[PDB]
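Working notes for the structure below.
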Amino acid sequence: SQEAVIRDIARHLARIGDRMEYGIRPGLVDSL
Amino acid sequence: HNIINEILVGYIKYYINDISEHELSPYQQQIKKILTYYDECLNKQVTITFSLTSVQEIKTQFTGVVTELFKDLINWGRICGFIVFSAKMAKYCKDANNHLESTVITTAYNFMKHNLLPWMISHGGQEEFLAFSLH
């Protein structure tokens, strides 16, 4: 699980970084 | 020795409160905006805590996270994450007063050089990370 902790930290850093690096918008589009 | 200082080391030392905000170079002051935005973006999702007691745990745990972060892809977005995480492990050492902040910065420094810096240079280098900060 210590290795798991390491892997989750790295999972967050990756996805936050990729959303910035690409144009990744939220999925939810609320339309009035 | 200054492409790593201006992109990586500088922001860390600022985060550690070792160094003031206007001690940063103009370049450093521009890219710090995206790093701060990153740090608060990350805080919003997860609280990271450390239990480091010695130089040994720093090397393995840091390498664990950052290698896994670049196992698959490298991009400037993951570079921010590398810098931010490097700064938060360093701040832990600061607050804990175990006098190992310099080890974290050395460890991050060496990793960036041997593993990332050839990719950075291959992809627009300093100027590109700047461009990224503005977008």
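Both backbone and side-chain heavy atoms feed into the values below; hydrogens, waters and symmetry mates do not. By convention in this document, chain letters (A, B, ...) are assigned in the order of the sequence lines, proteins followed by strands, and residues within each chain are numbered from 1.
- Residue B:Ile105 comes nearest to B:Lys13 through the heavy atom pair CD1-CG, 4.4 Å, listed as atom of the first residue, atom of the second, then distance.
- Remark: B:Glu127 engages no residue in a salt bridge (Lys or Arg N to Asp or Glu O under 4.0 Å) (not counting sequence neighbours).
- Within the 3.5 Å criterion, the main-chain N or O of B:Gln30 finds a donor-acceptor partner in the side chain of B:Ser133.
- With no hydrogens or angles considered, no side-chain donor-acceptor pair links B:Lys59 and B:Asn110 at under 3.5 Å.
- Side chain of A:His12 to backbone of A:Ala10: no donor-acceptor contact under 3.5 angstrom is found.
- Residues passing the salt bridge (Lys or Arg N to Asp or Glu O under 4.0 Å) test with B:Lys94, sequence neighbours excluded: none.
- The backbone N or O of B:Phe70 sits nowhere less than 3.5 Å from a side-chain atom of B:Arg78 that would complete a donor-acceptor pair.
- Between atom CE of residue B:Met89 and atom CD1 of residue B:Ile12 there is a gap of 11.0 Å, rounded to the nearest 0.5 Å.
- Hydrophobic clustering (side-chain heavy atoms under 4.5 Å, transitive across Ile, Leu, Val, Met, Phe, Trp, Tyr) groups B:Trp76 together with B:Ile121.
- B:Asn75 has its side chain within reach of A:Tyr22: a pair of non-hydrogen atoms, C-beta onward, lies under 4.5 Å apart.
- Between the B:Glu57 side chain and the B:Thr53 main chain, a donor and an acceptor come within less than 3.5 Å of each other.
- The line from CG of B:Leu42 to CD1 of A:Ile16 is 4.5 Å long, rounded to the nearest 0.5 Å.
- Of all the heavy atoms in B:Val104 and B:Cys93, the pair that sits closest is CG2-SG, 4.0 Å.
- Cluster membership check: B:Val46 shares its hydrophobic cluster with A:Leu13, using side-chain heavy-atom separations under 4.5 Å among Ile, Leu, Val, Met, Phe, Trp and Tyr.
- A continuous path of ILVMFWY side-chain contacts below 4.5 Å connects B:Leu35 to B:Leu134, so both sit in one hydrophobic cluster.
- Side chains of A:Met20 and B:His135 form no contact here, defined as non-hydrogen atoms less than 4.5 Å apart.
- No side-chain heavy atom of B:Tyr38 sits less than 4.5 Å from a side-chain heavy atom of B:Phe85.
- Closest heavy-atom contact between B:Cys80 and B:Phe132: SG-CE2, 3.5 Å.
- A side-chain donor-acceptor contact under 3.5 Å links B:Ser25 to the backbone of B:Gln28.
- How far CG of B:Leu116 is from CD1 of B:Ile83: 9.5 Å, rounded to the nearest 0.5 Å.
- Tested against B:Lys32 for a salt bridge (charged side-chain N to carboxylate O under 4.0 Å, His left out), the candidates B:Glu21, B:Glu23, B:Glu6 yield a single pass: B:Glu21.
- For B:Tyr27 and B:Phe129, the gap between ring centers reaches or exceeds 6.0 Å.
- Side chains of B:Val66 and B:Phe62 form a contact here, defined as non-hydrogen atoms less than 4.5 Å apart.
- Using a 4.5 Å heavy-atom cutoff, the side chains of B:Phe111 and B:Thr67 are in contact.
- Linking ILVMFWY side-chain heavy atoms closer than 4.5 Å, directly or via other members, places B:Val55 and A:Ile6 in a single hydrophobic cluster.
- Taking 4.5 Å as the limit, every side-chain heavy atom of A:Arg11 sits out of range of all side-chain heavy atoms of B:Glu68.
- Between B:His1 and B:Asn5, the closest side-chain pair of non-hydrogen atoms is not below 4.5 Å.
- Once rounded to the nearest 0.5 Å, the distance linking CG of B:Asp18 with NZ of B:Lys91 reads 10.5 Å.
- Ring geometry for B:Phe50 against B:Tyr92 counts as tilted: the plane angle lies between 30° and 60°, on a 0 to 90° scale.
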(Q) Go through it in stages, so that I can follow the logic: the residues are B:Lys33 and B:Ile31, the test is side chain to side chain contact (heavy atoms under 4.5 Å, CB included), and I'd like the CA-CA distance, side-chain angles, deciding distance and then a yes or no. (A) CA-CA 5 Å; B:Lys33 305 193 187 198; B:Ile31 75 164; over 6 Å; no
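- Of all non-hydrogen atoms in B:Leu52 and B:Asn98, the two that sit nearest each other are O-ND2, 3.8 Å.
- Each of B:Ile4, B:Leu8, B:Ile7 was checked for a side chain to side chain contact (heavy atoms under 4.5 Å, CB included) with B:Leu117, and the lone residue meeting it is B:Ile4.
- Ring pair B:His123/B:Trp119 is parallel by interplanar angle, where below 30° counts as parallel and above 60° as perpendicular.
- Looking at every heavy atom in both residues, B:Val84 comes nearest to B:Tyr11 through CA-CE2, 4.4 Å.
- Judged by distance alone, the side chain of B:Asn43 and the main-chain N or O of B:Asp39 form a donor-acceptor pair under 3.5 Å.
- The line from CD of B:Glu101 to CG of B:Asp95 is 9.0 Å long, rounded to the nearest 0.5 Å.
- When side chains are defined from C-beta on, B:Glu128 does not count as touching B:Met120, because their heavy atoms never get closer than 4.5 Å.
- Distance CG/B:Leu69 to CD1/B:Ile74: 9.0 Å, rounded to 0.5 Å.
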